[PDB]
$ cat my_file-v1.cif   # mmCIF, C-alpha atoms and all ligand atoms
data_target
loop_
_atom_site.label_atom_id
_atom_site.label_comp_id
_atom_site.auth_asym_id
_atom_site.auth_seq_id
_atom_site.Cartn_x
_atom_site.Cartn_y
_atom_site.Cartn_z
CA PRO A 1 42.83 28.93 55.23
CA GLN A 2 43.01 29.60 51.46
CA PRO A 3 42.84 33.44 51.33
CA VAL A 4 39.74 34.71 49.57
CA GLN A 5 37.66 37.90 49.32
CA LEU A 6 33.95 38.29 48.48
CA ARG A 7 33.52 40.00 45.10
CA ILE A 8 31.10 40.44 42.20
CA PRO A 9 31.68 40.66 38.44
CA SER A 10 28.79 43.08 37.82
CA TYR A 11 25.65 44.40 39.55
CA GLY A 12 22.16 42.93 39.65
CA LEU A 13 22.07 39.41 41.13
CA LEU A 14 22.96 38.00 44.55
CA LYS A 15 23.96 34.69 42.95
CA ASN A 16 26.99 36.38 41.39
CA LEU A 17 28.66 36.88 44.80
CA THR A 18 31.92 34.91 44.54
CA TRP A 19 34.84 34.07 46.88
CA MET A 20 37.77 35.29 44.77
CA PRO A 21 41.32 34.04 45.41
CA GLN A 22 43.67 36.49 47.16
CA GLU A 23 47.35 36.71 47.94
CA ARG A 24 48.45 36.67 51.56
CA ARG A 25 50.26 39.95 52.38
CA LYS A 26 52.40 40.92 55.34
CA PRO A 27 51.63 44.07 57.32
CA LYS A 28 53.85 47.11 56.77
CA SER A 29 55.39 48.78 59.80
CA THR A 30 52.24 50.58 61.00
CA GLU A 31 49.64 48.00 59.90
CA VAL A 32 47.83 45.12 61.62
CA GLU A 33 46.59 41.86 60.02
CA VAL A 34 43.33 40.41 61.37
CA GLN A 35 42.00 36.91 60.55
CA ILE A 36 38.24 37.39 60.24
CA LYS A 37 36.06 35.07 62.32
CA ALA A 38 32.53 36.49 61.86
CA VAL A 39 31.13 39.17 59.59
CA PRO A 40 27.48 40.14 59.23
CA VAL A 41 25.51 41.17 56.16
CA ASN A 42 24.17 44.76 56.18
CA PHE A 43 21.14 45.88 54.18
CA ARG A 44 23.25 48.49 52.25
CA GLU A 45 25.30 45.61 50.88
CA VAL A 46 22.20 43.87 49.50
CA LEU A 47 21.31 47.17 47.78
CA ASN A 48 24.90 47.41 46.52
CA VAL A 49 24.92 43.95 44.89
CA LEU A 50 21.51 44.58 43.28
CA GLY A 51 22.61 47.95 41.87
CA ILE A 52 20.00 49.92 43.89
CA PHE A 53 22.58 51.97 45.87
CA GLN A 54 26.03 52.57 44.40
CA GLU A 55 28.90 53.15 46.81
CA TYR A 56 30.87 56.38 46.36
CA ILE A 57 33.16 55.88 49.40
CA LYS A 58 36.49 54.85 47.90
CA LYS A 59 37.36 52.59 50.87
CA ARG A 60 34.64 50.21 49.57
CA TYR A 61 36.68 49.59 46.37
CA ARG A 62 39.98 47.89 45.72
CA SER A 63 42.64 50.54 44.97
CA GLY A 64 39.96 53.16 45.54
CA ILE A 65 38.85 52.78 41.90
CA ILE A 66 35.04 52.75 41.55
CA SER A 67 33.68 49.75 39.58
CA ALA A 68 31.56 46.68 40.34
CA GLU A 69 34.50 44.34 39.93
CA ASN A 70 36.46 46.30 42.57
CA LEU A 71 33.65 46.47 45.19
CA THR A 72 34.32 44.78 48.52
CA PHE A 73 31.90 43.94 51.33
CA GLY A 74 31.94 43.86 55.11
CA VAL A 75 31.37 47.19 56.81
CA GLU A 76 32.01 45.65 60.25
CA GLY A 77 33.22 42.37 61.69
CA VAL A 78 35.26 40.56 64.31
CA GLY A 79 38.40 38.48 64.38
CA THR A 80 41.82 37.76 65.80
CA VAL A 81 45.08 39.66 65.26
CA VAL A 82 47.46 37.24 63.49
CA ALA A 83 50.38 39.51 62.48
CA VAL A 84 51.44 42.98 63.52
CA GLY A 85 53.61 45.53 61.73
CA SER A 86 57.03 45.99 63.24
CA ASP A 87 56.45 49.47 64.65
CA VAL A 88 52.97 48.85 66.17
CA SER A 89 52.61 48.75 69.94
CA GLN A 90 48.81 49.05 70.34
CA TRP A 91 47.94 45.46 69.37
CA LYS A 92 49.64 42.08 69.57
CA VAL A 93 49.17 38.64 68.08
CA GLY A 94 46.14 36.90 69.62
CA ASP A 95 44.17 40.03 70.50
CA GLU A 96 40.45 39.75 69.67
CA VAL A 97 39.00 42.77 67.90
CA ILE A 98 35.99 44.45 66.36
CA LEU A 99 36.84 46.03 62.99
CA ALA A 100 35.39 49.55 62.69
CA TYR A 101 34.17 50.19 59.12
CA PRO A 102 36.88 48.17 57.32
CA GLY A 103 34.81 47.96 54.10
CA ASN A 104 36.33 44.56 53.22
CA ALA A 105 35.53 42.36 56.26
CA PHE A 106 34.18 39.65 53.89
CA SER A 107 37.81 38.50 53.41
CA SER A 108 39.91 35.81 55.04
CA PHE A 109 42.40 38.43 56.25
CA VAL A 110 42.13 42.23 56.60
CA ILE A 111 45.15 44.54 56.87
CA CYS A 112 44.29 47.84 58.48
CA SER A 113 45.50 50.57 60.81
CA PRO A 114 45.63 50.11 64.59
CA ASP A 115 43.12 52.99 64.91
CA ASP A 116 40.57 50.96 62.92
CA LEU A 117 40.27 48.28 65.62
CA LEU A 118 38.36 48.10 68.93
CA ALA A 119 38.81 45.57 71.73
CA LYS A 120 36.16 42.84 71.58
CA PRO A 121 34.12 42.38 74.81
CA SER A 122 35.82 39.27 76.27
CA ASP A 123 32.70 37.47 77.53
CA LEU A 124 30.90 37.51 74.16
CA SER A 125 31.42 34.93 71.43
CA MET A 126 32.72 36.06 68.04
CA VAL A 127 29.24 35.65 66.53
CA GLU A 128 27.63 37.62 69.37
CA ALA A 129 30.17 40.41 69.08
CA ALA A 130 29.61 40.49 65.29
CA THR A 131 26.11 41.85 65.94
CA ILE A 132 27.32 45.06 67.60
CA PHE A 133 29.16 47.65 65.53
CA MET A 134 27.08 49.08 62.73
CA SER A 135 23.63 48.60 64.30
CA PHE A 136 24.47 49.91 67.79
CA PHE A 137 26.80 52.69 66.65
CA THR A 138 24.08 53.96 64.26
CA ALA A 139 21.31 53.72 66.85
CA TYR A 140 23.43 55.30 69.61
CA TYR A 141 24.58 58.21 67.46
CA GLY A 142 21.02 58.90 66.37
CA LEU A 143 19.19 58.40 69.68
CA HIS A 144 21.82 59.71 72.10
CA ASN A 145 24.11 62.17 70.31
CA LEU A 146 21.59 63.73 67.92
CA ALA A 147 18.08 63.30 69.32
CA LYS A 148 19.15 63.23 73.00
CA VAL A 149 16.37 60.84 74.12
CA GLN A 150 15.26 61.47 77.72
CA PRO A 151 13.44 59.23 80.22
CA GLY A 152 9.70 59.15 79.65
CA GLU A 153 9.74 60.36 76.05
CA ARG A 154 7.78 58.55 73.33
CA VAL A 155 10.03 57.03 70.66
CA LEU A 156 8.73 55.43 67.43
CA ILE A 157 11.13 52.88 65.94
CA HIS A 158 10.35 51.63 62.43
CA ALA A 159 11.45 48.24 61.14
CA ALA A 160 12.08 47.29 64.76
CA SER A 161 12.73 43.66 63.78
CA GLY A 162 15.86 44.54 61.79
CA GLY A 163 19.43 45.19 62.91
CA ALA A 164 19.33 48.94 63.41
CA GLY A 165 15.79 48.69 64.77
CA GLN A 166 16.60 46.00 67.35
CA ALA A 167 19.61 48.02 68.57
CA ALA A 168 17.43 51.13 68.75
CA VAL A 169 14.81 49.31 70.86
CA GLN A 170 17.47 48.18 73.34
CA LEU A 171 18.97 51.67 73.55
CA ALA A 172 15.65 53.50 73.77
CA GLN A 173 14.63 51.29 76.69
CA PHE A 174 18.06 51.71 78.36
CA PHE A 175 17.44 55.48 78.17
CA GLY A 176 14.05 55.04 79.87
CA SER A 177 11.89 55.96 76.89
CA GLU A 178 8.50 54.51 75.83
CA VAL A 179 8.97 52.48 72.63
CA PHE A 180 6.36 52.34 69.88
CA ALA A 181 7.53 49.81 67.26
CA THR A 182 6.55 48.90 63.73
CA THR A 183 7.33 45.66 61.91
CA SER A 184 5.75 43.37 59.32
CA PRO A 185 2.56 41.52 60.38
CA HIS A 186 4.18 38.11 60.93
CA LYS A 187 6.90 39.63 63.17
CA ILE A 188 4.55 41.60 65.45
CA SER A 189 4.07 38.71 67.87
CA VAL A 190 7.83 38.24 68.08
CA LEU A 191 8.38 41.87 69.13
CA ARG A 192 5.52 41.72 71.69
CA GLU A 193 7.25 38.63 73.19
CA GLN A 194 10.45 40.69 73.49
CA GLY A 195 8.42 42.95 75.81
CA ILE A 196 7.33 45.83 73.56
CA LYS A 197 3.80 46.93 74.50
CA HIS A 198 2.88 48.93 71.36
CA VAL A 199 3.70 47.10 68.10
CA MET A 200 2.06 48.07 64.78
CA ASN A 201 2.25 47.09 61.13
CA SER A 202 5.01 48.88 59.24
CA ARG A 203 3.91 47.73 55.77
CA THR A 204 1.33 50.51 55.32
CA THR A 205 1.23 54.06 56.63
CA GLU A 206 -1.84 53.28 58.77
CA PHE A 207 0.55 53.19 61.78
CA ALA A 208 0.35 57.00 61.74
CA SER A 209 -3.36 57.10 62.57
CA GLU A 210 -2.79 54.34 65.14
CA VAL A 211 -0.06 56.39 66.87
CA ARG A 212 -2.36 59.43 66.82
CA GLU A 213 -5.05 57.38 68.57
CA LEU A 214 -2.66 55.86 71.16
CA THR A 215 -1.34 59.32 71.99
CA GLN A 216 -4.67 61.23 71.86
CA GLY A 217 -3.35 63.28 68.96
CA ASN A 218 -0.13 64.35 70.71
CA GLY A 219 2.21 62.25 68.58
CA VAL A 220 5.71 61.03 69.42
CA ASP A 221 8.80 62.91 70.58
CA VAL A 222 11.37 61.03 68.48
CA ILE A 223 11.13 58.94 65.30
CA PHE A 224 13.94 56.56 64.28
CA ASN A 225 13.19 55.87 60.62
CA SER A 226 14.65 54.03 57.64
CA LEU A 227 11.48 53.72 55.46
CA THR A 228 11.53 56.44 52.81
CA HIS A 229 9.32 55.22 49.95
CA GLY A 230 5.75 56.25 49.20
CA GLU A 231 4.22 58.61 51.77
CA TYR A 232 6.28 57.33 54.70
CA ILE A 233 8.29 60.56 55.17
CA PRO A 234 5.36 63.03 55.30
CA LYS A 235 3.24 60.59 57.37
CA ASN A 236 6.05 60.38 59.93
CA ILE A 237 6.56 64.15 60.00
CA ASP A 238 2.85 64.60 60.70
CA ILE A 239 2.90 62.42 63.84
CA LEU A 240 5.78 64.27 65.51
CA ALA A 241 4.81 66.01 68.75
CA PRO A 242 5.67 69.72 69.09
CA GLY A 243 9.43 70.12 68.70
CA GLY A 244 9.81 66.43 67.82
CA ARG A 245 13.07 64.98 66.53
CA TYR A 246 13.11 63.08 63.22
CA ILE A 247 16.08 60.73 62.81
CA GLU A 248 16.44 59.48 59.22
CA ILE A 249 18.89 56.71 58.39
CA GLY A 250 17.42 55.80 55.02
CA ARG A 251 19.47 57.26 52.20
CA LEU A 252 17.13 56.85 49.20
CA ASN A 253 14.92 59.78 48.24
CA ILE A 254 15.17 61.61 51.55
CA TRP A 255 13.97 65.14 52.14
CA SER A 256 16.17 68.19 52.64
CA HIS A 257 16.11 70.28 55.79
CA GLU A 258 14.20 73.01 53.94
CA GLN A 259 11.57 70.53 52.70
CA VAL A 260 11.03 69.20 56.25
CA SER A 261 10.85 72.76 57.62
CA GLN A 262 8.22 73.78 55.02
CA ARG A 263 5.95 71.04 56.44
CA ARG A 264 6.83 71.40 60.16
CA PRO A 265 9.20 74.30 61.03
CA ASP A 266 9.40 73.23 64.70
CA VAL A 267 10.80 69.73 64.02
CA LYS A 268 14.47 68.94 64.45
CA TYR A 269 15.66 66.86 61.46
CA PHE A 270 18.64 64.51 61.74
CA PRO A 271 19.58 62.69 58.52
CA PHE A 272 23.00 61.04 58.61
CA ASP A 273 25.19 58.37 57.02
CA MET A 274 27.53 56.55 59.37
CA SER A 275 29.88 55.53 56.58
CA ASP A 276 30.42 59.22 55.81
CA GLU A 277 31.00 59.90 59.54
CA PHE A 278 33.58 57.10 59.85
CA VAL A 279 35.59 58.36 56.83
CA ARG A 280 35.33 61.95 58.03
CA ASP A 281 36.95 61.36 61.47
CA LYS A 282 38.60 58.13 62.76
CA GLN A 283 38.10 59.34 66.32
CA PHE A 284 34.33 59.19 65.78
CA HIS A 285 34.10 55.43 66.26
CA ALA A 286 36.58 55.52 69.15
CA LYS A 287 34.50 58.05 71.06
CA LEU A 288 31.29 56.10 70.50
CA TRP A 289 32.96 52.92 71.76
CA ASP A 290 34.12 54.81 74.88
CA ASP A 291 30.39 55.04 75.77
CA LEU A 292 29.15 51.71 74.40
CA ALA A 293 31.94 49.29 75.45
CA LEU A 294 31.12 49.36 79.13
CA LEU A 295 27.40 48.75 78.41
CA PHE A 296 28.27 45.50 76.64
CA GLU A 297 30.73 44.64 79.44
CA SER A 298 28.03 45.02 82.09
CA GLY A 299 25.12 43.52 80.14
CA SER A 300 23.12 46.79 80.03
CA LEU A 301 23.14 46.13 76.28
CA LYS A 302 23.10 42.62 74.80
CA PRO A 303 24.01 41.09 71.46
CA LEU A 304 21.21 41.16 68.90
CA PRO A 305 19.27 38.04 67.96
CA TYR A 306 21.16 36.39 65.14
CA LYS A 307 21.22 33.63 62.57
CA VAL A 308 24.54 32.10 61.46
CA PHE A 309 25.47 31.05 57.93
CA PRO A 310 28.80 29.46 57.00
CA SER A 311 30.88 31.31 54.41
CA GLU A 312 30.05 28.79 51.69
CA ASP A 313 26.39 29.83 52.07
CA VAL A 314 27.04 33.56 51.72
CA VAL A 315 24.56 33.94 48.83
CA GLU A 316 21.80 32.44 50.99
CA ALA A 317 22.85 34.74 53.88
CA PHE A 318 22.38 37.79 51.63
CA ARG A 319 19.06 36.37 50.37
CA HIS A 320 17.86 35.81 53.95
CA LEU A 321 18.23 39.58 54.49
CA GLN A 322 16.84 40.51 51.06
CA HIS A 323 13.67 38.46 51.72
CA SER A 324 13.58 39.83 55.27
CA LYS A 325 13.36 36.46 56.94
CA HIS A 326 15.14 37.65 60.05
CA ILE A 327 15.00 39.20 63.48
CA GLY A 328 18.25 41.02 64.35
CA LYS A 329 21.45 40.18 62.50
CA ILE A 330 22.61 37.70 59.84
CA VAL A 331 26.16 36.61 60.68
CA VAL A 332 28.54 34.75 58.37
CA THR A 333 31.33 32.66 59.91
CA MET A 334 34.66 32.26 58.19
CA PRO A 335 36.54 28.90 57.93
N1 LIG B 1 22.35 56.03 57.46
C1 LIG B 1 23.14 55.08 58.04
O1 LIG B 1 24.24 55.26 58.50
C2 LIG B 1 22.63 53.68 58.14
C3 LIG B 1 23.29 52.73 58.93
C4 LIG B 1 22.76 51.45 58.98
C5 LIG B 1 21.60 51.12 58.27
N2 LIG B 1 20.98 52.05 57.51
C6 LIG B 1 19.75 51.72 56.77
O2 LIG B 1 18.79 51.43 57.80
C7 LIG B 1 18.00 50.32 57.44
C8 LIG B 1 18.37 49.16 58.39
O3 LIG B 1 19.59 48.52 57.94
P1 LIG B 1 19.96 47.11 58.50
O4 LIG B 1 21.23 46.71 57.86
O5 LIG B 1 19.87 47.10 60.00
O6 LIG B 1 18.80 46.21 57.86
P2 LIG B 1 17.51 45.55 58.56
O7 LIG B 1 16.78 46.62 59.28
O8 LIG B 1 17.92 44.32 59.30
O9 LIG B 1 16.69 45.07 57.28
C9 LIG B 1 15.87 45.98 56.54
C10 LIG B 1 14.57 46.30 57.23
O10 LIG B 1 13.76 47.05 56.35
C11 LIG B 1 12.38 46.71 56.60
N3 LIG B 1 11.68 46.98 55.36
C12 LIG B 1 12.19 46.88 54.08
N4 LIG B 1 11.25 47.20 53.16
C13 LIG B 1 10.14 47.52 53.85
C14 LIG B 1 8.83 47.95 53.51
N5 LIG B 1 8.49 48.11 52.21
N6 LIG B 1 7.96 48.19 54.48
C15 LIG B 1 8.33 48.01 55.76
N7 LIG B 1 9.52 47.62 56.20
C16 LIG B 1 10.41 47.36 55.26
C17 LIG B 1 12.39 45.26 57.03
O11 LIG B 1 11.27 45.08 57.84
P3 LIG B 1 10.73 43.66 58.33
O12 LIG B 1 11.76 43.11 59.30
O13 LIG B 1 9.42 44.02 58.99
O14 LIG B 1 10.58 42.80 57.10
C18 LIG B 1 13.78 45.10 57.67
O15 LIG B 1 13.71 45.11 59.10
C19 LIG B 1 18.31 50.06 55.96
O16 LIG B 1 17.39 50.84 55.18
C20 LIG B 1 19.73 50.55 55.82
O17 LIG B 1 20.00 50.92 54.46
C21 LIG B 1 21.49 53.30 57.45
#

$ encode --input "my_file-v1.cif" --output "structure tokens" --more "lines below"
Ligand SMILES: NC(=O)c1ccc[n+]([C@@H]2O[C@H](COP(=O)([O-])OP(=O)(O)OC[C@H]3O[C@@H](n4cnc5c(N)ncnc54)[C@H](OP(=O)(O)O)[C@@H]3O)[C@@H](O)[C@H]2O)c1
Amino acid sequence: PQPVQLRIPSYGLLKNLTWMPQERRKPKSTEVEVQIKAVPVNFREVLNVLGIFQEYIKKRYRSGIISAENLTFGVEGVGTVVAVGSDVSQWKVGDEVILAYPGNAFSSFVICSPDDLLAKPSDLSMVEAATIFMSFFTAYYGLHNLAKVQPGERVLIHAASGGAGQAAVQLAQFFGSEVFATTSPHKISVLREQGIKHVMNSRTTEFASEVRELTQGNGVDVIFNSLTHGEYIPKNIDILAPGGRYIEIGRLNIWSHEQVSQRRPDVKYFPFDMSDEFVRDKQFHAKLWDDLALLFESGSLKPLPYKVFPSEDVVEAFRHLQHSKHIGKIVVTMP
């Protein structure tokens, strides 16, 4: 293929996403070159293009220099090793891999470290495997590592139609918990068909009174939230059961630990940003995959629902997510 990389000239409009020409490089002695086959759009990246959330992680910028014209996209993806640095033993040409937080997976070729790659589950297609990394790693870290969901507990999952939400539903049910889901009105029927008993409208905070009624005022043990505008944070805090665990993956206008404690001192509050975690420790993703890989191997977890767009339609792929037309993941295939 003609090497390209997805870029923008400035912030504010999806239509300015552009496939910019790139040189083909060779890997240095401890690098690996991966030809990308499938790369999904993440909601953060929509916010990035629109100028709503500005990346500070330097890995998201060419040369580590922060500016719109240097911003790259693709916080996860899948592909095939096509060249290996001379001194690398861990990978070989033809290996199929998941890229862990590359930051530039919307590129024809990515050069990275061997420790930035994970073995793709062999029985999944590239597009199927492209649904896994960010959504499941986020949901697993929150539900398992932080909140420690137990069988029988009541777990409220907001925006359960989206990528993180769909992964969280699968994981919560794998852990034997009772899922309460919210989604937009026209997606409720879809989530009920997936087998969720309790599905409510996410587009107002009236779900809180509905949860109170369903639980006879007891509330829920765990909340997995990304909706931070309006009164969504305090309304969620108020429907936590005694000692409930509040997982927050939204990053705009979130409360501090002290603010949450003022309202409910018994609640355990778990805000986090996976991008920060990945940069902090490269063993973090490796240890999560040690737990998750076998679940995808066995079929205990399954790929998310997805919709494919070819690379030439990348603007429409981003718009599909912006307008929230989806269930699961939006996956872009490369030529
Ligand atoms: N902290 C972290 O490490 C981390 C990691 C991954 C994602 N996130 C964040 O978690 C969220 C999920 O990301 P994603 O990439 O998987 O995207 P996504 O969930 O597939 O898409 C965004 C979701 O937001 C919901 N939504 C947006 N505005 C809403 C509103 N006003 N009322 C109700 N629902 C609304 C949509 O609901 P409908 O489907 O009902 O339209 C949609 O499901 C995003 O906010 C993202 O920034 C954080």

$ closest_residue --input "my_file-v1.cif" --among "A:46, A:240, A:34, A:288" --to "residue 80 in chain A" --atoms "only C-alpha atoms"
A:34

$ axis_aligned_box --input "my_file-v1.cif" --around "ligand LIG 1 (chain B)" --padding-each-side "5 Å" --output "AutoDock Vina command-line options"
--center_x 16.1 --center_y 49.4 --center_z 56.1 --size_x 26.3 --size_y 23.2 --size_z 17.8

$ residues_around --input "my_file-v1.cif" --residues "range 57-66 of chain A" --least-positions-apart "2" --cutoff "10 Å" --atoms "only C-alpha atoms" --output "MDAnalysis selection string"
chainID A and resid 54:55 68:75 101:104 275:276 279

$ residues_near_ligand --input "my_file-v1.cif" --ligand "ligand LIG 1 (chain B)" --cutoff "8 Å" --atoms "all atoms listed in the file" --output "PyMOL selection string"
chain A and resi 41-44+47+134-135+138+158-165+182-185+187+202-204+225-227+229+248-251+271-276+321-329

$ atom_distance --input "my_file-v1.cif" --atom1 "CA of residue 333 in chain A" --atom2 "CA of residue 35 in chain A"
11.5 Å

$ closest_residue --input "my_file-v1.cif" --among "A:50, A:110, A:38, A:143" --to "residue 15 in chain A" --atoms "all atoms listed in the file"
A:50

$ closest_residue --input "my_file-v1.cif" --among "A:174, A:180, A:53, A:140" --to "residue 201 in chain A" --atoms "all atoms listed in the file"
A:180

$ atom_distance --input "my_file-v1.cif" --atom1 "CA of residue 299 in chain A" --atom2 "CA of residue 223 in chain A"
25.6 Å

$ atom_distance --input "my_file-v1.cif" --atom1 "CA of residue 168 in chain A" --atom2 "CA of residue 136 in chain A"
7.2 Å

$ closest_residue --input "my_file-v1.cif" --among "A:92, A:302, A:198, A:245" --to "residue 153 in chain A" --atoms "all atoms listed in the file"
A:245

$ closest_residue --input "my_file-v1.cif" --among "A:11, A:335, A:23, A:166" --to "residue 52 in chain A" --atoms "all atoms listed in the file"
A:11

$ decode --input "my_file-v1.cif" --residues "range 246-258 of chain A" --atoms "N, CA and C atoms" --output "CSV table (one decimal), in the first residue's frame"
chain,number,residue,atom,x,y,z
A,246,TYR,N,-18.2,3.2,43.0
A,246,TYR,CA,-18.5,4.1,41.9
A,246,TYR,C,-17.3,4.2,40.9
A,247,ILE,N,-17.4,3.5,39.8
A,247,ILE,CA,-16.4,3.5,38.8
A,247,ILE,C,-16.7,4.6,37.8
A,248,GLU,N,-15.8,5.6,37.6
A,248,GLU,CA,-16.0,6.7,36.7
A,248,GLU,C,-14.9,6.7,35.6
A,249,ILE,N,-15.3,6.5,34.4
A,249,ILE,CA,-14.4,6.5,33.2
A,249,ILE,C,-14.6,7.8,32.4
A,250,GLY,N,-15.6,8.6,32.7
A,250,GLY,CA,-15.6,9.9,32.0
A,250,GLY,C,-14.5,10.8,32.6
A,251,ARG,N,-14.0,11.7,31.7
A,251,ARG,CA,-12.9,12.5,32.2
A,251,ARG,C,-13.2,14.0,32.2
A,252,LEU,N,-14.4,14.4,31.7
A,252,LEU,CA,-14.8,15.8,31.8
A,252,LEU,C,-15.6,16.1,33.0
A,253,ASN,N,-15.1,17.1,33.7
A,253,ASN,CA,-15.8,17.6,34.9
A,253,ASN,C,-16.2,16.7,36.0
A,254,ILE,N,-15.3,15.7,36.3
A,254,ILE,CA,-15.5,14.7,37.3
A,254,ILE,C,-15.2,15.3,38.7
A,255,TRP,N,-15.8,14.6,39.7
A,255,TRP,CA,-15.6,15.0,41.0
A,255,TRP,C,-14.3,14.5,41.6
A,256,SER,N,-13.8,15.1,42.6
A,256,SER,CA,-12.6,14.6,43.4
A,256,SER,C,-13.1,13.6,44.5
A,257,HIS,N,-12.2,12.9,45.0
A,257,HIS,CA,-12.5,12.0,46.1
A,257,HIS,C,-13.1,12.7,47.3
A,258,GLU,N,-12.6,13.9,47.6
A,258,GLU,CA,-13.2,14.6,48.7
A,258,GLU,C,-14.6,15.1,48.5
